[PDB]
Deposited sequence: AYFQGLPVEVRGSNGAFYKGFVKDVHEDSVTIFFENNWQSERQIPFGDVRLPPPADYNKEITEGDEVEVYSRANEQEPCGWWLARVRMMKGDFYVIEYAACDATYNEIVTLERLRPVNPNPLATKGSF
């Protein structure tokens, strides 16, 4: 009851984090719906779950980028260069030019 609809982020097999919402909480996992799929419940172990970030990007900063390699997920990256509103980033999983809507500081929340 208490955790109904809690937003969480879930580690995919690709290392990226995907948004889901809690339905039930068990001793060792949660039942969730992934974002844009309210029909299929999915069970995720706590070691694959973190809370989403609490509610300034400069060159060199570690960031996360919202990308597909699939649904979009948050991927770990670094800002190699910025000029105006263009950001040049490199993925920790592997350059891409993105705008600021695609970026956030690294979620400070650890896996549960």
Fill in: Missing segments of the deposited chain sequence, listed N- to C-terminal
56-59, 74-76, 102-105, 124-128
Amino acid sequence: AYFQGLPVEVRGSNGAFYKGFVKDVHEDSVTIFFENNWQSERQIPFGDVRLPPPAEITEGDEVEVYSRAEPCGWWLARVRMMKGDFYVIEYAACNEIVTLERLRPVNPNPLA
From here on, numbers count along this sequence of modelled residues.
Discussion item. Mean Cα B factor from the PDB record: higher for 24-32, or higher for 59-67?
Written reply: 59-67
Response to the item:
Taking the deposited Cα B-factors and averaging over 80-88 and over 42-50, the higher mean is found in 80-88
Practice prompt. Rank-wise, by C-alpha B-factor, drop residue 97 into the lowest, middle or highest third of its chain.
Written response: middle
Worksheet, complete the sentence: Tertile call for residue 106 (CA temperature factor, within chain, third-based) is the middle
